[PDB]
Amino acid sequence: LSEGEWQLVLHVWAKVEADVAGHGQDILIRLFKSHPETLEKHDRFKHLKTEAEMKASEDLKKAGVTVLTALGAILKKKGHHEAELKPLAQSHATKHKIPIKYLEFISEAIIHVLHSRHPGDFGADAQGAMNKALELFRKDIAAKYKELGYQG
């Protein structure tokens, strides 16, 4: 990414940072409604059925913050994220077993929610820059997954 692309990424991300939990809820609900098989990975809250139930769930709201806190720290490294990716790849490859396809689904949900909430900060410029940043994340985590023996 260019420096200007990174800045577009971080500018919209500052919006997310004003209310991380609410953004996390909207992203995870989007992911689970669009790709329900992904919900199966979350043993604590895989029984949830309705949008209202998902919004009321403390565990889901915690999970959304967990994701976005880690992702935000990754984005802020502007591609220099090997040290932050290392523990994430370790758990997601060997413990949780999250295939790349699911990381594509959550990337799609992130993009969907940013476009829905912050369209003035998410025009084609910013969309394209966030797409690149999330693609780079997936490329690099996929290489780490393979290093660890997981072809997911």
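One-based numbering along the sequence shown.
Comparing the deposited coordinates for 41-49 and 115-123, the stretch with the larger average C-alpha B-factor is 41-49. As listed in the deposited structure, the average C-alpha B-factor of 59-67 and of 32-40 is greater for 32-40.
For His23, the recorded CA B-factor ranks within the lowest third of the chain. Only modelled residues enter the ranking. Among the modelled residues of its chain, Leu85 has a C-alpha B-factor that falls in the highest third, as given in the PDB entry. Annotation for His11: CA B-factor lies in the middle third of the chain's modelled residues.
Ranked by Cα temperature factor within the chain, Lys139 sits in the middle third according to the deposited record.
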